[PDB]
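Structural overview
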Amino acid sequence: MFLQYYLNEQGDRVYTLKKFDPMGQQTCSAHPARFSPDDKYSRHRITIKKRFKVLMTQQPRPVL
Amino acid sequence: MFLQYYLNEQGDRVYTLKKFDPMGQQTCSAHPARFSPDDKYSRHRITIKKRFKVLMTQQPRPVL
Amino acid sequence: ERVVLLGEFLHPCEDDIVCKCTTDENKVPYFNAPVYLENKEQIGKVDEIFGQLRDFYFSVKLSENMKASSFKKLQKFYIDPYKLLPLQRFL
Amino acid sequence: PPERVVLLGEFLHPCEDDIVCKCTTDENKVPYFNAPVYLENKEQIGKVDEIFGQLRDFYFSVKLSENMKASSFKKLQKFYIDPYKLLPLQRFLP
Amino acid sequence: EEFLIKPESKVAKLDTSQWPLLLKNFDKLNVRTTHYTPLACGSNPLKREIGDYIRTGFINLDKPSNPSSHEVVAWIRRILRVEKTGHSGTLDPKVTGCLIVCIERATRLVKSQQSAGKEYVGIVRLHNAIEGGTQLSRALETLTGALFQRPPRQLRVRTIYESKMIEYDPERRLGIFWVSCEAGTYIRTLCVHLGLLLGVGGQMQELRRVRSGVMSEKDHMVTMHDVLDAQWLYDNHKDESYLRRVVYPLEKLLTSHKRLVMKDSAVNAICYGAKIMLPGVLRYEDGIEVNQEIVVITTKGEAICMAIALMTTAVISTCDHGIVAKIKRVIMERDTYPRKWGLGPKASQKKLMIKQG
Amino acid sequence: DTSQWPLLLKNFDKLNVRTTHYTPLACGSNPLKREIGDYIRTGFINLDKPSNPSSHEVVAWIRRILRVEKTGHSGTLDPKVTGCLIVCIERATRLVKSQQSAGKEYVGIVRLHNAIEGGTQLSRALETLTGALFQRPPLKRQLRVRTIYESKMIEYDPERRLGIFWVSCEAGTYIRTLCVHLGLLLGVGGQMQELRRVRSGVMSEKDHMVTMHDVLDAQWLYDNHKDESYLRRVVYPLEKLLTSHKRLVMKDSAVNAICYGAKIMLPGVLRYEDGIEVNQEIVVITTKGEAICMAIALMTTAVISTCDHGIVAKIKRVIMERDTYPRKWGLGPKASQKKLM
Amino acid sequence: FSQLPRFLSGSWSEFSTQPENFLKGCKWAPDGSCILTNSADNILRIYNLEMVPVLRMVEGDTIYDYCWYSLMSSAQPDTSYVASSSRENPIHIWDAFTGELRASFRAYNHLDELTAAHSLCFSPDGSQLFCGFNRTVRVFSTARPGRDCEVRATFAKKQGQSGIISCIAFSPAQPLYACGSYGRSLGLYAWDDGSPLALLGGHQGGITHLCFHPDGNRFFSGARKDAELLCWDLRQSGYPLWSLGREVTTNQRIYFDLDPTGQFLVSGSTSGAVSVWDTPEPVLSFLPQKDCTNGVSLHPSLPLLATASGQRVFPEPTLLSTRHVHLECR
Amino acid sequence: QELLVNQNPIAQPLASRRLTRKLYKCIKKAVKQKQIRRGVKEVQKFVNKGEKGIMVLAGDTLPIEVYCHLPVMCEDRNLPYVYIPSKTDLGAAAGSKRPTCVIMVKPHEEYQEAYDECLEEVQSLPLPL
Amino acid sequence: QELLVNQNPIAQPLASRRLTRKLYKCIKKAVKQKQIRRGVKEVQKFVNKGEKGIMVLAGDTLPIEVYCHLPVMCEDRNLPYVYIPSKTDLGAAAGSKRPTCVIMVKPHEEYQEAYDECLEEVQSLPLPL
RNA sequence: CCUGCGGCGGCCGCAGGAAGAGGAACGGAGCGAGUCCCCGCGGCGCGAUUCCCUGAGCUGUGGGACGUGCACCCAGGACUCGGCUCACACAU
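Residues numbered from 1 in each chain as written, not as in the entry; some residues may be left out. Chains lettered and ligands numbered in written order. Heavy atoms only, no water.

By the method listed in its record, cryo-EM, this PDB entry was determined to a resolution of 3.3 Å.

Within the PDB entry, the label attached to chain H reads H/ACA ribonucleoprotein complex subunit 2, and the organism entered is Homo sapiens. UniProt's Sequence similarities comment on chain H is quoted here verbatim: "Belongs to the eukaryotic ribosomal protein eL8 family." (UniProt positions renumbered as here; feature names shortened; annotations may be inferred.)

The PDB entry annotates chain C as H/ACA ribonucleoprotein complex subunit 1 of Homo sapiens.

Take the protein's contact with RNA strand J next. Around RNA strand J, 106 residues are found, and the nearest of them are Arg329(E), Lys350(E), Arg327(F), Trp329(F) and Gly330(F). Protein-proximal atoms of RNA strand J, defined as those within 4 Å of the protein, fall in sugar or phosphate at a share of 62%. Contact between RNA strand J and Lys263(E): a phosphate oxygen at 2.8 Å from a side-chain N or O atom of the residue. Here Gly280(E) contributes a backbone N or O atom positioned 3.0 Å from a sugar or linking oxygen of RNA strand J. Residue composition of the surface near RNA strand J, by class: 37 nonpolar, 30 polar and 39 charged. (Near = heavy atom within 4 Å. Polar contact = N/O pair within 3.5 Å; in protein donor to acceptor, adjacent residues only side chain to side chain. Nonpolar A, V, L, I, M, F, W, Y, C, P; charged D, E, K, R; others polar.)

All names here are of chain I. Tracing the sequence through the fold places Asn-8 in the segment before α1 (17-31). Classification of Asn-8 by relative accessible area gives buried; the value is 4%. Among the polar contacts made by the side chain of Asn-8, one reaches the main-chain carbonyl oxygen of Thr-61 at a distance of 2.5 Å. At 3.0 Å, the side chain of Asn-8 and the side chain of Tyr-67 are in polar contact. (Helix = DSSP H or I, 4+ residues; strand = E, 2+ residues; numbered from the N terminus. Buried < 20%, exposed > 50% of the residue type's maximum accessible area, 1.4 Å probe, protein only.)

We now examine the environment of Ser68(E). With respect to the helices, strands and loops of the structure, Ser68(E) is situated in the loop between β2 (57-63) and α2 (69-80). With residues up to four places along the chain from it excluded, the contact list for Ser68(E) reads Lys63(E) and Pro93(E). (Contact = heavy atoms within 4.5 Å.)

A separate point is the sheet that holds strand β2 (residues 54-58) of chain H. Residue and element names in this part refer to chain H. A sheet is described by the order of its strands in space; here four strands give the open sequence β1-β4-β2-β3, paired in mixed fashion. The sheet is open, and its two borders are formed by β1 (36-38) and β3 (81-84), each paired with just one other strand. If you compare each strand with its neighbour and ignore which way they point, the axes differ by 20° on average. The sheet contact formed by β1 and strand β4 (residues 102-105) spans three bridges and is antiparallel. Each bridged residue has a counterpart across the sheet, and for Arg-38 the counterpart in β4 is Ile-103. (Pairing = 2+ DSSP bridges. Axes fitted to C-alpha atoms, helices over the stretch in contact; angles between N-to-C directions.)

If you want it as structure tokens, here you go:
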């Protein structure tokens, strides 16, 4: 895949075709990770996400 | 009775099984003293605690 | 049979040529409708129709493997009025 | 012994002269207490005593029968239980 | 000292600005009457029991690049153990983007969600070199507005509102385009037309969907791993705190329309199918027009159906009786609230008068 | 400045103002400033239980030395187990059931019979025991389910094979069985050596704890010097353990009606709190600030903002005594015309 | 024992790594293959015959007792195992060849709690494993290890023998066995039923050891702080027959025993002086070292002897442990 | 060049600067033979079936959901792992231009002393909470 | 070696360094005979029945509620007392490893002059005020 | 006539209703009882030779033997009531 992006200060995606943010950071892939329906590693993902406190539960609640 | 503890800078129990503070101080036991229903030394306890200004009354009031 | 003006030459693609569709009240031609010159020999059939509703284009595939250089920068094809449809049908 | 038997669980490792078995059985059914455990040959080897673990995938242990050793069994093993003994887990669901 | 809430005389206004998603700003609503009897039925949308909360929910999902939309929908339906599930519009089995996934009871507005303005971003590759970089932008601005399109076979007409290119690579002949289009528009045909205009030829290599109706990517986006993680976490730990971050109530799709609060008795009558008559109305938002799309809601803030407005705000402010609006699409389950319509002064005397003769 | 005001009356400024007019009365008192006769009758003690005595005997000692009529505790601790225990004095035993089913915590020590690789293995075996789990009484043979929210490892001692674990669990779970299961998991074995409750419900061990030498000293000092400055630091009012609920402020004429048993009605309501849902337990407080009753809500915080009359909640349990405010029901803008009829 | 037995060998280097350490007894195997050693590190050591141990069986908190299997033929691996009791852990059983755990016997209270055994001893037939608890002894069976047992009540509700039972022994002559308690009493119980048939007393301290004579009529006993070694008999019922003399200053077990032939009796002492008798007349007395001498064992097949050293030190604000072996001449 | 930017939130436990070169040389000498594993997929199919060894993870890979389960199947089987800064350099060491996020190393006789030194170094790293 | 840390707030009056040694030697000489009292239970039991002597208390006992009543139980009978820095050293002087908080020394003729000089020094101790 | 669902922009099939939108005390509290649930080898003090013990037996911040006495083994919740009491309350 060729689609790359880097977030600016406002916090929205800025899509680009290069590999480096003009300030000198690498760019993520705009597409998500591939998914297998018969996956079994939810526990393994949950444990690390909890341990490093980057889980979506630990994030502040969205504004409503 | 193996359980010990010591207080950190923030002032809460930091449970440990050793007998010394990481800074070389002794660690208090985690249990309260034995109690007898028909104790007769209340006056003796109160007068000394008053004398040394360690009675609970002389401590600043908790916030509520 | 007399035929009606259809399009003009714009530029050649890698395979076909690109034509600007100018006609009476901007009528849309049939798909793969045969296109003729004033000398009545056919040049090809229109590949597809695209562009804006009021001003749109169309590309015709060449016949007999003529080179694209045979057409001048602005020539003017011709099509029979029978093989075309009115614009207001779609709107 | 019963005429038919059902998959119960697999051997994992022994603990203090007792075998500790993972529970891999049809659906999530749970065994009784003091329910005889049978091998592929439909012969008694023990009894279920201690059930523990999460509700989804739990463990259980077996008290070995007479003249049975906790070293006889293989690392991966397979045990059978009388179907008249199991009960559904909808009771333990809220 | 002495602590007591002293009595005052000056009035104090409520502050409903930070209230929940559809209960927002009842203070700004014009008020007709405040005399009715509420019942102990229904609940706030945000605080439903998790069962009823996932039935009337939706997922702003990020679609994985390998499968198709109909396969993704089946995956989610299998994960959540729901019965029915729709989506916001089919995507090619190779493109990614945002795909709103209406769960069992939120499917009723899938047709309204499908026919909504959408946005796309993608990559076009050219077979041969171009004069420069701005030629692509120039040829992109030429082809916009109402356009002729074909399904890649009857020719159809769609429109494109605005377009822009981000950057172009002269070495790989690659450019990124940003487009805003109606529902059903084809982008592969757009790339083909761009190539034909340039006189070079082109094709669509990559394409991602950014905006899908009201929900965007700068929003509570959810990947396919998140749904499985949430369901497993619930099943194992009995912790619902992660499901409520992927599943949102359907009322979040309805926060740009006009509101019309309704009595408790007037609720179940509309669900069974009935006109919207003046006595049931309690509060109404200003700015209503005729033949406009409005959403009527209960006092608790949950949408009951969708309506087409007959009287404007001024007429409904100054009127004696009439018909407020006509049903468009009924959203709530039928017997949520109890049904009580035959009771009342006018209806009672009417079915009494006709009883006599 | 309103955040410094007392409990169940703190931050009342950030409430939904319904009306601001009522007739203030002179009866009733603040919770902290009550007469010492009733400040004790409506109170709880955040104890620190000793080891030797049982649980149904420490409260007996507390009753027999405080000279009261009825007492109840939060969670039954077996002898040799210490830590937080909440004892309620008779007019507070109403709130016992909301205390006996709460989120407990523990700190213990497990004695592993045989040597293992180290502390990482035991921490992993702890992590594999989290969430709903099967349990069984340590000592009626029945299998039930209890939940363990969290776990952690404090320290490990390889020489003595001693491990300290912190557990956030629910009410009814058995650590004396969790340790046996954890021993069975590692294959080596285990038993429970040490146990201590660190948190019971809302009252933690960080603040407001007293030993039973404080309770005896306060009683002696009061009985002899007629000084009660020390009992005020040992006993705390009921409102201390109702601070997390949803509030509902009323006016003086409604208080005695509710205490007699009339359902809350919107004409009597004075202020209501943002975030009330149907079938949610709320607290009904007086203008002084005082727990009138435990009320099951019946009108979402938005329904209240629109309607003008009707049932607003029904009472689950009423706390105050029958005659604490005068009878002021039966005389208002309405309900008097019906008497004229 | 003509004069001053000769010094063969010894082991002293391993115990020096500990700032304080001491030995807690020694026992020969029932055939003579190897010795068993206890230390203050709770580590067991086996020496085969400076000696170096072939095994190091690390334990838990504090080892109350241990014993060899009652048959212990070195040809067959299945009879070569050693039992062990610790402060809180159950009755571990180890493999005497590779030094790994084999089985485990567990003792559970009435409140379902684990109660360690203070004294354990196998049976002459080798099938059962008796243990020693507070006012009770719990029979077991080597076949079918586990938690099942057969509680025997040493002290009935009214009468009997109280205190922690600290030593168990059997009599080859008749089906009888005896137990000793920290409550300064000796009991006699039948094997089949377990009904008490006598009781004994006359010690000034907690009884720590027993022994029996090949004839079975005579048997001896020791104590914790009593200087005497009582000499009993099972035929006369006149409980005390003779007495001996030794120094017992501390509250630690001092090991005595009796020769394979059945006539020589050896015993340790706190001063560190070993003393010998003949069967009640002293024969020899020699000093293996200056420190305490607690463990004494006699080889069953050939004339040999080993001694253990060590004692606690009590300091105030402001000397080695050795294992020795000696050659004798019966 | 040492720029410790654009690291995953789960980058710990990161390798030391010298351990980077040591692991690079070990992976090189393992690629000279057929005792090496490449790709997440092969990593799952060959870690599940035993094959105890070393696994090296890239520290600048996003999204993190592509390989997040490896640092838990490791403890489920008591295998060691360690993170390294870059994936392009890791792929270059592995012997290709396209980068990779996971590399698994297996023991062999030729680099046995270096492999054992790296294995004991990895298990001595500090443990993040 | 005199670090004044980990002391109870009721430590005063504190014995000096040389006085500490004198008390330790006196306790040794006293425990040479059976004229000694060990433990709160025994000291409290036998203060009730008179038996005048000298009381020494451990200065680092926590919690203080086990023996806090002794400084005034002495005053009700007019007995001298003093605090020594450590309890482990007090147990060592008593002739044991396990520490204790209170030791009550009784007079006897063997150590009478040292006991008397210690007693007259204790009465000469000052007060914090 | 209206709405919901299914079937091949429209049609067909089945199902629900036919609907102007009530009620400013109807139906409660605090107790007690019956039925279910919840959950006497212990705990405290004293006496007697300094009653014994720094045991490798946990322990002097205590452990054990004999005489002794004492106190603690509940309070909450659901169901029924063919029960008592207070009220039957829209809050000026």
